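> Based on what follows, work out the 3D shape:
(chains A and B, ligands or ions: 3)
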Amino acid sequence: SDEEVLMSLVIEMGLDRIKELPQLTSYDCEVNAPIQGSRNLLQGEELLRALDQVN
Amino acid sequence: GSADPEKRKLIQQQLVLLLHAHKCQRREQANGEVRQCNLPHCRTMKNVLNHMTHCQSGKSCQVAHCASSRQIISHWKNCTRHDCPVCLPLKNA
Ligand SMILES: [Zn+2]
Ligand SMILES: [Zn+2]
Ligand SMILES: [Zn+2]
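Residues are numbered from 1 along each chain as shown, chains lettered A, B, ... in the order given. Ligands and ions are numbered 1, 2, ... in the order given. Coordinates below:
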């Protein structure tokens, strides 16, 4: 995911426009964004390494 | 539970913002302790990312966007769904 792609998604999704950012709930996230059952809710600095184009 | 299409849109938007902020912050950590990006909520999600690295409250955590961000990130890492209504924009684009 090029930062070029991420900037394009940010602008296509409206995130460059001033907004209220809703505080989603862990529940609404566990429902609409389920972990495998891996049950591996990343913590520590590994949680940042994930974001380095992980598949 | 039951999937709401609107929540899935707020979720993918928070994911794009988390991914931007990380890359933004990586581009900062090499270029000095900058913190110059003025994208809406970018500073916010950078501070969220640094919170949850050293955070240990886990699900008990009420700091805005920590619990949710940690769940969304963990999903995106392992999401191998072809069809995923959250990730499909990012994975494929
Ligand atoms: Zn930024
Ligand atoms: Zn926390
Ligand atoms: Zn997904």
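
> What ranges does chain B have for its helices?
B:5-30, B:42-54, B:66-78, B:88-91 (DSSP state H).

> just chain A next, same as before
A:3-12, A:26-32, A:46-49.

> in the shortest one, what's buried?
Buried residues in helix A:46-49, defined by neighbour count with 16 or more other CB atoms under 10 Å in any protein chain shown: A:47, A:48. Where you see a C-beta, it was placed from the backbone N, CA and C, and this is true even at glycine.

> other SSEs contacting it?
helix B:42-54 (3 or more CB pairs under 8 Å, 6 or more residues apart in numbering or on different chains; DSSP states H and E).

> How about the residue in chain A positioned nearest to ligand 3: what's its closest non-neighbour residue?
The minimum distance from chain A to ligand 3, using CB to the ion, falls at residue A:33 (6.8 Å). Spatial nearest neighbour of residue A:33, excluding adjacent residues (CB to CB, 6 or more residues apart in numbering or on different chains): residue B:75 at 4.2 Å.

> residues contacting the residue nearest to residue A:30 when sequence neighbours are not counted?
Spatially, and ignoring its direct neighbours in sequence, residue A:30 is nearest to residue B:71 (6.0 Å; CB to CB, 6+ apart). Applying CB atoms under 8 Å, 6 or more residues apart in numbering or on different chains to residue B:71 gives the contacts A:26, A:29, A:30, A:33, A:35, A:41.
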